[PDB]
Amino acid sequence: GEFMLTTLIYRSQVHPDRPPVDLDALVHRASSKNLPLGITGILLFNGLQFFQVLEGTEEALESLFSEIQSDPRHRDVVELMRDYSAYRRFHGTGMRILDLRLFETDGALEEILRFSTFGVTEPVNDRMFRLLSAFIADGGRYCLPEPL
Ligand SMILES: Cc1cc2nc3c(=O)[nH]c(=O)nc-3n(C[C@H](O)[C@H](O)[C@H](O)COP(=O)(O)O)c2cc1C
């Protein structure tokens, strides 16, 4: 049957001691799976963590995200979100990592936008964007506000 959409989002880590990730091959094998699965989204990397924006059938988001925590690469993958939806923000891009090590807060965020075609109501109070920009902004444990 035809079931409504959903947006699951999660974030993990990586090997702080071992070498970098194959963020080219890592996302490639992912898109190939999510595409036919009907899933869509974007991945991120800051040299320590992985942020993924999954948007598709809830039944797929769970299993997928479950396949993720079963991976040996990262480690602390935790469900950041999971909200009901009726539309797809990323139309055409099944999976696409974002080596933030290349961009920055406003930079990386721009990346998403340029290929996100986000035309929803408003990315403002967007539950997903909350996390998305939080990873782009803080990338894990901030230190800008409240000094010593
Ligand atoms: C950090 C990380 C994130 C992943 N994210 C996804 C994902 O969002 N969707 C997906 O279908 N597979 C995902 N995968 C799984 C890979 O796409 C792929 O299955 C893996 O690189 C090895 O596949 P193989 O055992 O079939 O060779 C992820 C793997 C890693 C290490």
# chains A, B, ... in the order shown; residues from 1 in each chain; ligands from 1

$ residues_near_ligand --ligand "ligand 1" --cutoff "7 Å" --atoms "only C-alpha atoms and all ligand atoms" --output "list in words"
residues 25, 26, 27, 28, 29, 30, 31, 33, 34, 50, 52, 54, 64, 68, 71, 72, 73, 74 and 95 of chain A

$ write_last_selection --atoms "N, CA and C atoms" --output "tab-separated table (two decimals), in the first residue's frame"
chain	number	residue	atom	x	y	z
A	25	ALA	N	33.10	6.43	-1.40
A	25	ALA	CA	32.64	5.06	-1.51
A	25	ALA	C	31.60	4.74	-0.44
A	26	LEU	N	31.67	5.50	0.65
A	26	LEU	CA	30.78	5.34	1.79
A	26	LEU	C	29.36	5.75	1.43
A	27	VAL	N	29.25	6.87	0.73
A	27	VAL	CA	27.96	7.40	0.33
A	27	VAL	C	27.48	6.75	-0.97
A	28	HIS	N	28.42	6.37	-1.82
A	28	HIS	CA	28.09	5.74	-3.09
A	28	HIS	C	27.26	4.48	-2.88
A	29	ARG	N	27.81	3.54	-2.12
A	29	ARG	CA	27.11	2.29	-1.84
A	29	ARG	C	25.80	2.53	-1.10
A	30	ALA	N	25.69	3.68	-0.44
A	30	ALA	CA	24.49	4.03	0.30
A	30	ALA	C	23.37	4.47	-0.64
A	31	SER	N	23.68	5.44	-1.50
A	31	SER	CA	22.71	5.96	-2.45
A	31	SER	C	22.11	4.84	-3.29
A	33	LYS	N	21.46	1.97	-2.52
A	33	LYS	CA	20.48	1.22	-1.74
A	33	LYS	C	19.21	2.04	-1.48
A	34	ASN	N	19.40	3.26	-1.00
A	34	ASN	CA	18.28	4.15	-0.67
A	34	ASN	C	17.48	4.56	-1.90
A	50	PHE	N	29.46	11.64	12.04
A	50	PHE	CA	28.70	11.45	10.82
A	50	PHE	C	27.25	11.86	11.04
A	52	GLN	N	23.49	12.15	9.33
A	52	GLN	CA	22.70	11.74	8.19
A	52	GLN	C	21.27	12.21	8.30
A	54	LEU	N	17.88	11.32	6.90
A	54	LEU	CA	17.10	10.33	6.19
A	54	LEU	C	15.65	10.74	6.09
A	64	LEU	N	16.97	0.98	8.06
A	64	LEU	CA	18.17	1.62	7.55
A	64	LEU	C	19.04	2.05	8.72
A	68	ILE	N	22.77	1.02	10.16
A	68	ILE	CA	23.81	1.98	10.45
A	68	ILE	C	24.50	1.68	11.77
A	71	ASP	N	27.07	-0.91	11.86
A	71	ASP	CA	28.31	-0.68	11.14
A	71	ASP	C	29.48	-0.55	12.11
A	72	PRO	N	30.69	-0.97	11.69
A	72	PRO	CA	31.89	-0.92	12.52
A	72	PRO	C	32.72	0.35	12.34
A	73	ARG	N	32.43	1.13	11.29
A	73	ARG	CA	33.17	2.35	11.04
A	73	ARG	C	32.96	3.36	12.16
A	74	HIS	N	31.82	4.04	12.14
A	74	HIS	CA	31.50	5.02	13.18
A	74	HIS	C	31.35	4.31	14.53
A	95	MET	N	21.58	9.71	-1.58
A	95	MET	CA	22.55	9.82	-0.49
A	95	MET	C	23.72	10.70	-0.93

$ closest_atom_pairs --of "region 42-97 of chain A" --to "region 131-134 of chain A" --cutoff "8 Å" --atoms "only C-alpha atoms" --output "Markdown table"
| residue | atom | partner | partner_atom | distance |
| --- | --- | --- | --- | --- |
| A:51 | CA | A:132 | CA | 7.5 |
| A:53 | CA | A:132 | CA | 7.4 |
| A:80 | CA | A:131 | CA | 7.2 |

$ write_last_selection --atoms "C-alpha atoms" --output "short mmCIF file (atom, residue, chain, number, x, y, z; two decimals), in the first residue's frame"
data_model
loop_
_atom_site.label_atom_id
_atom_site.label_comp_id
_atom_site.auth_asym_id
_atom_site.auth_seq_id
_atom_site.Cartn_x
_atom_site.Cartn_y
_atom_site.Cartn_z
CA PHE A 51 25.39 13.25 10.40
CA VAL A 53 19.39 13.16 7.10
CA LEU A 80 18.53 12.48 16.28
#

$ residues_around --residues "residue 97 (chain A)" --least-positions-apart "2" --cutoff "7 Å" --atoms "only C-alpha atoms" --output "list in words"
residues 23, 27, 42, 43, 44, 95 and 99 of chain A

$ write_last_selection --atoms "N, CA, C and O atoms" --output "short mmCIF file (atom, residue, chain, number, x, y, z; two decimals), in the first residue's frame"
data_model
loop_
_atom_site.label_atom_id
_atom_site.label_comp_id
_atom_site.auth_asym_id
_atom_site.auth_seq_id
_atom_site.Cartn_x
_atom_site.Cartn_y
_atom_site.Cartn_z
N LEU A 23 34.47 8.61 2.28
CA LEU A 23 33.27 9.40 2.07
C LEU A 23 32.81 9.48 0.62
O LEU A 23 31.88 10.21 0.31
N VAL A 27 29.25 6.87 0.73
CA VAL A 27 27.96 7.40 0.33
C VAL A 27 27.48 6.75 -0.97
O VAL A 27 26.27 6.60 -1.18
N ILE A 42 21.02 13.10 3.03
CA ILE A 42 22.39 13.60 2.93
C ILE A 42 23.21 13.21 4.16
O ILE A 42 22.69 13.17 5.27
N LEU A 43 24.48 12.95 3.94
CA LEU A 43 25.38 12.58 5.02
C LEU A 43 26.39 13.69 5.29
O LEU A 43 26.56 14.60 4.47
N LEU A 44 27.04 13.62 6.44
CA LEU A 44 28.02 14.63 6.82
C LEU A 44 29.19 14.02 7.57
O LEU A 44 29.08 12.94 8.16
N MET A 95 21.58 9.71 -1.58
CA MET A 95 22.55 9.82 -0.49
C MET A 95 23.72 10.70 -0.93
O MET A 95 24.24 10.54 -2.03
N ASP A 99 31.75 16.24 3.42
CA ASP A 99 33.00 16.38 4.14
C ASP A 99 33.15 17.81 4.63
O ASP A 99 33.74 18.65 3.95
#

$ residues_around --residues "residue 102 (chain A)" --least-positions-apart "3" --cutoff "12 Å" --atoms "only C-alpha atoms" --output "count of residues only"
15

$ atom_distance --atom1 "CA of residue 139 (chain A)" --atom2 "CA of residue 11 (chain A)"
9.8 Å

$ atom_distance --atom1 "CA of residue 38 (chain A)" --atom2 "CA of residue 57 (chain A)"
7.5 Å

$ closest_residue --among "A:103, A:130, A:35, A:89" --to "residue 118 (chain A)" --atoms "only C-alpha atoms"
A:89

$ atom_distance --atom1 "CA of residue 77 (chain A)" --atom2 "CA of residue 141 (chain A)"
15.0 Å

$ residues_around --residues "residue 79 (chain A)" --least-positions-apart "2" --cutoff "8 Å" --atoms "only C-alpha atoms" --output "PyMOL selection string"
chain A and resi 8-11+65+77+81-82

$ write_last_selection --atoms "C-alpha atoms" --output "mmCIF file, in the first residue's frame"
data_model
loop_
_atom_site.group_PDB
_atom_site.id
_atom_site.type_symbol
_atom_site.label_atom_id
_atom_site.label_comp_id
_atom_site.auth_asym_id
_atom_site.auth_seq_id
_atom_site.Cartn_x
_atom_site.Cartn_y
_atom_site.Cartn_z
ATOM 1 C CA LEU A 8 14.674 9.963 10.461
ATOM 2 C CA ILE A 9 17.952 11.645 11.298
ATOM 3 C CA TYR A 10 20.959 10.365 13.239
ATOM 4 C CA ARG A 11 24.582 11.114 14.069
ATOM 5 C CA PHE A 65 19.172 3.497 10.659
ATOM 6 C CA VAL A 77 25.191 6.701 16.021
ATOM 7 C CA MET A 81 15.082 12.633 14.757
ATOM 8 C CA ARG A 82 12.088 10.866 13.346
#
